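Read the structure below first, then the notes.
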Amino acid sequence: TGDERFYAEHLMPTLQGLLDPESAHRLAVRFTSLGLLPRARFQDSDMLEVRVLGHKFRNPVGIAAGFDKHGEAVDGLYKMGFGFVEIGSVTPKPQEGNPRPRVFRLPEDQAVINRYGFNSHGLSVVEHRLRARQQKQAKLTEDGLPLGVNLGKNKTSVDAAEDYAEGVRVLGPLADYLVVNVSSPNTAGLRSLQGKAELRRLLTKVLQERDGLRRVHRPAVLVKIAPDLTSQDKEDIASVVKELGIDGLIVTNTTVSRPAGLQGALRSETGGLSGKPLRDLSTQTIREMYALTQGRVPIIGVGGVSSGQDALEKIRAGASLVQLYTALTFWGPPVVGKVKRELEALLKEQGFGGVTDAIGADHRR
Ligand SMILES: Cc1cc2nc3c(=O)[nH]c(=O)nc-3n(C[C@H](O)[C@H](O)[C@H](O)COP(=O)(O)O)c2cc1C
Ligand SMILES: Cc1nc(C)c(C(=O)Nc2ccc3ccccc3c2)s1
Ligand SMILES: O=C(O)c1cc(=O)[nH]c(=O)[nH]1
């Protein structure tokens, strides 16, 4: 595609050269929300369709949380070609996040480091924004374009569980699925919620609140986890997920590790690292969680996806759906159709009838 080359070689590096990453992101969100996007030519074939989490997904490629933190660009994101959209993380009260600068590009590594710290418009603002297009979303969902809402907690909150509970109550009725984000590396103490006792307590409350919602407004509940967990952490999470009937896992958030070989000048900035250096660490975590849950717990795979091959590797490792964010920074909007086109070609080449046949295929080898 000509657009791919142009965006990759000319548009994005020029956007990068003119703007700091946070300003560039704000502009990208603005343009997306207005539908100012290149022609997403790609037509989703039937082999890309996936049924999971109580929904049809027209294609398995979603936008990861963090790009549209406040629910401002959902429709533009479907227009960009994503098969599902996840917004957030959203915190109960509005909060500004960390002091700037708080996001950094590592172009030599095709990576990003960020320490936003849950900048959020808060539940009330996001609730009204989603309500204003609620019925349109109901039609998109029925048409195979579901919406996820990712929940965070306020910096100063005492009771983390009540923060998530409030999120379930307020945005649960507007979501096809909710994500309990306990893996941000940029909120103090948050990742300790992944520990077995804390996680069991937290998710019991979350699921209780969720089950209290009326049937048509009752979302699936997923937990998003870190790529930096011990084997013990992962066994415990799998055990709690099965004990409580958690509907799925998002694997993974950004890494606090700094893999050997990073070249970017900004590699030693504090924050979560995303993009290419995270890719295989994420894929291996998917592989492990799929095996630990016996392939019975839907996984959304995320981390360093920028091609059909990247997507297919996560799917074969056990992901039913995948997401991307960082690749947009470097490739722009044409990366979405690129991933889908390459994925379809590889599925055919490898003998799969469709995405569904490929899920977890590595484990049946
Ligand atoms: C700038 C930025 C902000 C992010 N914000 C969130 C967030 O608010 N909540 C969340 O669950 N993940 C957040 N993420 C993580 C992404 O959703 C994703 O898990 C991670 O970036 C790995 O995927 P990627 O390599 O395709 O970017 C953020 C990532 C980036 C780069
Ligand atoms: C016909 C057009 N007019 C404008 C202003 C376009 C544009 O730059 N769109 C972009 C560019 C980069 C992006 C990067 C991320 C997300 C959306 C994006 C949209 S395409
Ligand atoms: O807001 C953040 O800084 C943020 C949250 C999250 O879940 N992941 C991330 O990399 N950063």
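Summary table
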quantity: Selection count, the range 285-314, where residues are within 13 Å of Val339 (Cβ to Cβ) and either of a type outside the set (A, V, I, L, M, F, W, C) or within 16 Å of ligand 3 (Cβ to nearest atom) (or both); calculated: 11
quantity: Qualifying positions in the range 25-60 - over 27 Å from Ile315 (Cα atoms), more than 16 Å from ligand 3 (Cβ to nearest atom) and buried (at least 17 other Cβ atoms within 10 Å of the Cβ); calculated: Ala28, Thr32, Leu37, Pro38
quantity: Test: residue in the range 333-344 that is of a type outside the set (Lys, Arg), within 11 Å of ligand 1 (Cβ to nearest atom) and without any contact (Cβ under 8 Å) to a residue 60 or more places away in the chain; calculated: no
quantity: In the range 120-146, the residues that are in contact with a helix residue (DSSP H, G or I) (Cβ under 9 Å, 6 or more places away or on another chain), among the polar types (S, T, N, Q) and not in a strand (DSSP E or B); calculated: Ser124, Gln134, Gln137
quantity: Considering residues of the range 77-91 that are crowded, with 22+ Cβ neighbours inside 10 Å and either farther than 27 Å from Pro277 by Cβ or not hydrophobic (A, V, I, L, M, F, W, C) (or both) only, the residue farthest from ligand 2 (Cβ to nearest atom); calculated: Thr91
quantity: Residues being under 18 Å from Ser183 (Cα atoms) and more than 12 Å from ligand 3 (Cβ to nearest atom) - total across the range 101-119; calculated: 0
quantity: Candidate set from the range 147-167 (those that are part of a helix (DSSP H, G or I) and touching a strand residue (DSSP E or B) at 6+ places or on another chain (Cβ under 6 Å)); member that is farthest from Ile237 (Cα to Cα); calculated: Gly167
quantity: Residue match in the range 288-297 (condition: touching an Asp or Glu at 6+ places or on another chain (Cβ under 8 Å), touching a residue at least 60 places away in the same chain (Cβ under 8 Å) and on the phi < 0 side of the Ramachandran plot); calculated: no
quantity: Failed criterion for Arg26 (all others in (1) within 16 Å of ligand 2 (Cβ to nearest atom); (2) over 27 Å from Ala265 (Cα atoms); (3) not polar (S, T, N, Q) hold); calculated: (2)
quantity: Qualifying positions in the range 247-267 - within 20 Å of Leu222 (Cβ to Cβ) and within 14 Å of ligand 3 (Cβ to nearest atom); calculated: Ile250, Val251, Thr252, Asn253, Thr254, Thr255
quantity: Identity of the residue in the range 170-199, hydroxyl-bearing (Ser, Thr, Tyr) and surrounded by 19 or more Cβ atoms within 10 Å (Cβ to Cβ), that ends up farthest from ligand 3 (Cβ to nearest atom); calculated: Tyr177
quantity: Count of residues meeting criterion [within 16 Å of ligand 3 (Cβ to nearest atom) and either charged (D, E, K, R) or more than 17 Å from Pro185 (Cα to Cα) (or both)] in the range 268-284; calculated: 3
quantity: Residue satisfying all of: in the range 305-326; in contact (Cβ under 8 Å) with a residue 60 or more places away in the chain, within 13 Å of ligand 1 (Cβ to nearest atom) and of a type in the set (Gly, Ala, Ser); nearest to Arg41 (Cα to Cα) among these; calculated: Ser306
quantity: Among (1) assigned to a helix (DSSP H, G or I); (2) within 20 Å of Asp46 (Cα to Cα), the one test that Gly353 misses; calculated: (1)
quantity: Sole residue being surrounded by fewer than 18 Cβ atoms within 10 Å (Cβ to Cβ), over 19 Å from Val335 (Cα atoms) and either touching an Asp or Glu at 6+ places or on another chain (Cβ under 8 Å) or free of Cβ contacts under 8 Å to residues at least 60 places away in the same chain (or both), chosen from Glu96, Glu9; calculated: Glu96
quantity: Wholly within the range 1-119, strands (runs of 3 or more DSSP E) carrying at least 1 residues that are within 11 Å of ligand 1 (Cβ to nearest atom) and of a type outside the set (A, V, I, L, M, F, W, C); calculated: 61-63, 84-90, 103-106, 111-114
quantity: Of all residues in the range 209-236 being in a loop (DSSP other than H, G, I, E, B) and more than 21 Å from the chain's Cα centre (by Cα), the one that is surrounded by the most Cβ atoms within 10 Å (Cβ to Cβ); calculated: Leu213
quantity: One residue from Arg341, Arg296, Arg316 being in contact with a helix residue (DSSP H, G or I) (Cβ under 6 Å, 6 or more places away or on another chain) and either surrounded by fewer than 23 Cβ atoms within 10 Å (Cβ to Cβ) or in a helix (DSSP H, G or I) (or both); calculated: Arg316
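No value in this document is a laboratory result; all are computed from the given coordinates. Positions of Cβ are backbone-derived with ideal geometry, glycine not excepted, and every protein chain shown enters the neighbour counts.
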